[PDB]
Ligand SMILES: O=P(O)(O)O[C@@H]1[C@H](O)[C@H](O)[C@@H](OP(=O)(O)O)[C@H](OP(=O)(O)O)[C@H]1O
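Presented as structure tokens, the chain that follows is alone, the form deposited without the named molecule.
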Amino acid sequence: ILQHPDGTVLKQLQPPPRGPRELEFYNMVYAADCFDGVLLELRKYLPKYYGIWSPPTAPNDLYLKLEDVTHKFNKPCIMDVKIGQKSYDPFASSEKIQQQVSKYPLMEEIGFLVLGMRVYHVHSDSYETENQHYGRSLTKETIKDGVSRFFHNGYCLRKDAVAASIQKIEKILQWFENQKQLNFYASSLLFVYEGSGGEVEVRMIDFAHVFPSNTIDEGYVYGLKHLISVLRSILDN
């Protein structure tokens, strides 16, 4: 992810087949002749899509030009949460499934994984960052506190941001409960709130493993529900 001052990010396509698949996903959803009511509603929850981009002197070098979801914030606090029970897709090999499950074997049980967070602290004028190893360390015993960390500004728990996050996730959950045409593996929610009341972004990102389906994305729904339940419990701190 490269942040552009014009308020966009450039995401370089991952190697095949993942990068091409994410390109086709955006192309399908933001197709200018799409009157699919499911896909039209989905746009609300994605970064705005500005199409494929390449450098003027390098058409080989493929990027997606996406809305920077953090742009409108002064001191954005950002958390990426991978959603679902499985982060391997329907066409993974035994070896690939093993790789994905071993990365975080609690995915089936918990239904989400924190990929990282960046939290602005007021009383130090600085950022705390957590990497992939933070979220992969969390167990069922520590997931509530693991998530709570995101909402600590070094003086209070930002229950406004927690409440707002529940409300926005609920809308995404409603979308998933009214579609049976896409299943999403190893995709994420990007949470943003203002670190400098109730001003929040919750957006879906990372679509290298989205597949056509005939059924409810039961794994994604479980993840959303469990995440909402955790956030709800935090409101009682």
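Residue numbers here begin at 1 and follow the sequence given.
Omitted here: the form deposited with the named molecule bound. The next part is about that form.
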Does the named molecule come within 4.5 Å of a heavy atom in each of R149, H152 and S233 in the deposited bound form? no
Answer with one of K159, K75, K72, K103: the residue that has a non-hydrogen atom within 4.5 Å of the named molecule in the deposited bound form. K103
Pick from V29, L182, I172, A186: which residue has any heavy atom within 4.5 angstroms of the named molecule in the deposited bound form? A186
Quick check on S137: any heavy atom within 4.5 Å of the named molecule in the deposited bound form? no
In the deposited bound form, does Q14 have a heavy atom within 4.5 Å of the named molecule? yes
I'd like to check something about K96: if you look in the deposited bound form, is any of its heavy atoms closer than or equal to 4.5 Å to a heavy atom of the named molecule? yes
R18 versus the named molecule, in the deposited bound form: is there a non-hydrogen atom within 4.5 Å? yes
The named molecule in the deposited bound form - contacting residues of 218-237, heavy atom within 4.5 Å: none
